[PDB]
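Protein chains in written order, with the entry's author numbering: chain B, 1 to 44, 57 to 140, 150 to 273; chain A, 0 to 269; chain F, 203 to 271; chain E, 0 to 46; chain D, 194 to 241.
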DNA sequence: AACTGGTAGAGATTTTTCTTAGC
DNA sequence: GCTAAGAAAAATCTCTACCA
DNA sequence: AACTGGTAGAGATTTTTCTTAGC
DNA sequence: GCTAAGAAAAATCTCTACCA
Ligand SMILES: C[C@@H]1CCO[C@H]2Cn3cc(C(=O)NCc4ccc(F)cc4F)c(=O)c(O)c3C(=O)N12
Ligand SMILES: [Cl-]
Ligand SMILES: [Mg+2]
Ligand SMILES: [Mg+2]
Ligand SMILES: [Zn+2]
Ligand SMILES: [Zn+2]
Ligand SMILES: [Zn+2]
């Protein structure tokens, strides 16, 4: 265990690994490897979307693309005013976690209805991939046009073919597997951060071997069944539980 | 004896329709004969059997229903294993808008099984053509039995309570419907893992994909064939793949069926 | 000739005592109780009954299955 | 049901004087009514 | 076989062995909520 | 400050009773 | 003569629909 | 022959945690 | 210094209305 912590610290000193790889290799828990990463001085987006509009056969299409995976949601608007763009933004924010929106300096994107929707849904709007996605979507639309009667059915069938039937990239996945994996990784990071702060609200007085004095207040990191990992003086050490006293610390 | 009691009890039930305890007490016949006298009557036998079933909860099953609110028509679709809600306001209750809503939902999320009631819009050629083109298995419930689609009617109740909570913050009803969908999906926690509905659908689909890839990489390099002895008769069956060897029992795969065999009735051959 | 008739009657008695059931079900909009039918398939939750050369699916909560002694 | 079985078992014991286990296996009536059919005959004794 | 096919085959076999021994515990680190017969509550987190 | 859900039947499971083989 | 296995029969417990 | 009730909140009761008096 | 009483706070179990 302590040999695992020493090997992990030497391995991060050489190669600067990440905490998932160290937790899998050296068989240490995740909070300890995250603290090893958090102590390195040389080591210190999944919710950004881009929106645009286009024209196709006299219809006004609006396209929203998740940037980090290439995930497309499209719709056919009856006009190009601000209320319909605000309604499309409200549906998009109600289905996926949207935290940062990037648009161009158009008329309908600079409107009081879109600003009210961004205020109620807590989205940061920023004015300046989407043109390449519009080009690829129009190629698919002209490829499967003869199987539909209206234009909305062709738009939604092209969205389905782009999202789940086209595979590429490094691992050979589509866009839906990429966006689900990215958001799941971010969720794991936030849950681990909550556990880290809740554990680190404590304090430990420990007694060394062949001594009867209590030592300085070291910060608790991991409280096991028989072992306790503490940080003191930029050093991690493992003390057994029968030589330690854990108190609360109100030191904000 | 009680044979004349049996004849008099049959005539008494023919006139008065007693239950079995009255005949067994008044005519001193045993209870099996009185239960048979009651059980061979057609004017009786009006009662169920007092049990409930359990609906399908596969990771790609969706359920759909329609509801009314303030003179509008809402259409609700729910992902069953997580509780994830998509809802829209329709201008009419025909089959074309239902096929369009189903096509948008199938273009966003992976759908492989759809469950509905027997309404006039769900049983239509447009919905059948969309299900054929998108390869969806469409199943219908037993008619006039709303308990088969329990999840979507429960979510109808939850959606209506949220809409009454946030009604004064919106002008139209479509804005209030979309705000209620956002409040349900991301602002309410509690359930299986303490998650909301969006975190739970992300966790379910990502875990399914990761466990399929992991067991493909495991099972492509396996060995250790196992011959087992089971059944009512002590026979011997063909070659099966060993999966997991544990203290007490072994897990085998035979004919794409998983079985758990005790360690005494199996033999491992490399 | 006689012994094979004994074996045939024993096997026919076992096959006849396998699945001689009657079902009183409740279906429709006005949920009234209807006459006897023949049970075909019995799964956990619903049953399939043959009535008047019509196949119907009734849940087990809306039907009563009478066996034989 | 087995009520017609009880009637036919009474006729069969009136003719041939069977025992109770034979009538219970042949006519598919329970054992209590078969023992009562044997008991109400003055010449037979259930054993 | 040439030399390149032999070195690729040898390294792939050894890596398959070691990563199999790790991936068994990786697939046993999941949690399952299941349902039994005639009870309407979801049972606790058994191991897959 | 002084009011309120209940009844009966269908199966499943546990207990009691009755006949008979074996030492 | 006495005892235990085994099966039939009676007793108890849990759960559902309907009452404007 | 291949179908099926469920979701979320209010209290009551049991378990865990945190501070302090007493030997 | 160590231990037990006591009270606050978090976790679990049972039960109800509503969904055309
Ligand atoms: C014309 C379509 C097809 C034929 O049936 C009708 C009537 N119906 C009735 C209810 C209903 O009574 N819901 C309340 C409810 C009551 C008890 C329960 F357990 C669950 C519940 F939801 C529906 O929900 C519903 O969707 C329909 C419906 O769609 N139709
Ligand atoms: Cl229906
Ligand atoms: Mg409906
Ligand atoms: Mg409904
Ligand atoms: Zn570093
Ligand atoms: Zn009657
Ligand atoms: Zn006689």
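Beta carbons: idealized from backbone N, C-alpha and C, even for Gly.
What residue ranges within the region 10-68 of chain A form continuous alpha helix (DSSP H) runs of no fewer than 4 residues, ordered along the chain?
Every unbroken stretch of the alpha helix (DSSP H) spanning 4 or more residues and falling wholly within the region 10-68 of chain A is given here in chain order: 19-25, 30-38.
Just by C-beta distance, which residues in the region 172-193 of chain B are closer than 8 Å to chain A?
Those would be 173, 174, 177, 178, 180, 181, 184, 185, in chain order.
Is the Cβ of residue 37 of chain A closer than 8 Å to any Cβ of chain E?
Chain E has no Cβ within less than 8 Å of the Cβ of residue 37 of chain A.
Identify the contact partners of residue 50 of chain A in chain F, using a Cβ-Cβ distance below 7 Å as the criterion.
Identification of chain F residues near residue 50 of chain A by a Cβ-Cβ cut-off of 7 Å yields 262, 263, ordered along the chain.
Could you name the residues of chain A that residue 1 of chain E contacts, counting a contact when the two beta carbons are closer than 8 Å?
For residue 1 of chain E, the neighbours in chain A by C-beta distance under 8 Å run, in chain order, 35.
Cβ of residue 220 of chain D within 8 Å of Cβ of residue 241 of chain D?
For the pair residue 220 of chain D and residue 241 of chain D, the CB atoms are nearer than the 8 Å cut-off.
Would you identify the three-state DSSP class for residue 189 of chain A, choosing helix, strand or coil?
DSSP, read as helix, strand or coil, puts residue 189 of chain A in coil.
Where the region 0-31 of chain A meets chain E: residues whose CB sits under 8 Å from a CB there
Here the close residues are 0, 1, 2, 5, 9, 29, 31.
Within the chosen definition, does the region 64-83 of chain A reach the region 152-162 of chain A through at least 3 CB pairs nearer than 8 Å?
Short answer: they touch.
So is residue 217 of chain A in contact with chain D if we call contact Cβ pairs under 8 Å?
Yes, contact with chain D.
Which whole-angstrom value describes the C-beta separation of residue 268 of chain B and residue 224 of chain B, a residue pair presumed to lie in contact below a C-beta threshold of 8 Å?
About 5 Å; that satisfies the 8 Å criterion.
List, in order along the chain, the chain F residues whose C-beta lies closer than 9 Å to that of residue 126 of chain A?
What residue 126 of chain A touches in chain F: nothing, since even the nearest Cβ is about 21 Å away.
Anyone know if the C-beta pair for residue 89 of chain B and residue 110 of chain B falls short of 8 Å?
No; because the gap between Cβ atoms is not below 8 Å, this pair is not in contact.
Do you know whose CA, among B/186, B/182, B/192, B/136, lies nearest residue 59 of chain B's CA?
Considering only alpha carbons, the answer is B/136.
Residue 34 of chain A CB to nearest heavy atom of ligand 6 below 7 Å
No, the Cβ of residue 34 of chain A stays beyond 7 Å of every heavy atom of ligand 6.
Can you tell me which residues form a DSSP beta bridge with residue 256 of chain B?
Within the DSSP bridge table, the entry for residue 256 of chain B names B/253 as partners.
Using the rule of at least 16 other Cβ atoms within 10 Å of the residue's Cβ for burial, across every protein chain shown, is residue 19 of chain E buried or exposed?
Label assigned to residue 19 of chain E: buried.
Would you check whether ligand 5 has a heavy atom nearer than 7 Å to the C-beta of residue 188 of chain A?
If you check the C-beta of residue 188 of chain A against ligand 5, you find no heavy atom less than 7 Å away.
So, residue 203 of chain B versus residue 76 of chain B, is the Cβ gap smaller than 8 Å?
Pairing residue 203 of chain B with residue 76 of chain B gives a Cβ-Cβ distance that is not under 8 Å.
According to DSSP, simplified to helix, strand and coil, what is residue 224 of chain D?
Shown here, residue 224 of chain D sits in a strand according to DSSP, grouped into three states.
Residue of B/166, B/178, B/234, B/129 minimising C-alpha distance to residue 130 of chain A:
Nearest to residue 130 of chain A by C-alpha distance, out of B/166, B/178, B/234, B/129, is B/178.
8 Å CB neighbourhood of residue 150 of chain A in its chain, flanking five on each side removed:
Contacts found: 54, 62, 77, 79, 82.
So, does the region 252-265 of chain F touch the region 6-18 of chain E, judging by three or more C-beta pairs under 8 Å?
Between the region 252-265 of chain F and the region 6-18 of chain E, the count of Cβ pairs shorter than 8 Å is below three; the stretches do not touch.
Closer than 6 Å: residues whose CB approaches a heavy atom of ligand 4
In chain order, the hits are A/64, A/145, A/152.
Could you give the uninterrupted runs of the alpha helix (DSSP H) lying entirely in the region 120-187 of chain A, keeping only those of 4 residues or more?
With a minimum length of 4 residues, the continuous alpha helix (DSSP H) runs that stay inside the region 120-187 of chain A are 124-133, 149-164, 172-185.
Residue 159 of chain B to residue 112 of chain B, Cα distance in whole Å?
Each residue's alpha carbon lies about 26 Å from the other.
Could you tell me if residue 49 of chain A is buried or exposed, where buried requires 16 or more neighbouring beta carbons within 10 angstroms of its beta carbon?
Exposed is the call here.
Considering only C-alpha positions, which residue in the set E/32, E/10, E/36 is nearest to residue 35 of chain A?
Of the candidates E/32, E/10, E/36, E/32 places its Cα closest to the Cα of residue 35 of chain A.
Beta bridge counterpart(s) of residue 234 of chain F as assigned by DSSP
Partner(s): F/229.
So, is residue 271 of chain F buried or exposed, given that buried needs 16 or more other C-beta atoms within 10 angstroms?
It is exposed - the Cβ of residue 271 of chain F has fewer than 16 other Cβ atoms within 10 Å.
With a threshold of 8 Å between beta carbons, is residue 101 of chain B in contact with chain A?
Interface annotation, residue 101 of chain B: not in contact with chain A, CB-CB separation never under 8 Å.
Applying the criterion that 16 or more other CB atoms from any shown protein chain within 10 Å of the CB defines a buried residue, is residue 116 of chain A buried or exposed?
Residue 116 of chain A comes out buried.
Spatial neighbours of residue 162 of chain A within its chain, please: C-beta separation below 6 Å, excluding the five flanking residues on both sides.
175, 179, listed in sequence order.
Roughly how many angstroms separate the alpha carbons of residue 124 of chain A and residue 252 of chain A, rounded to a whole number?
So the two alpha carbons sit approximately 42 Å from each other.
Enumerate in chain order the residues of its own chain whose CB-to-CB distance from residue 122 of chain A is below 8 Å, with the five nearest sequence positions on each side excluded.
Cβ within range, chain order: 139.
Return helix, strand or coil for residue 201 of chain A, following the three-state DSSP convention.
Looking at residue 201 of chain A - three-state DSSP - the assignment turns out to be helix.
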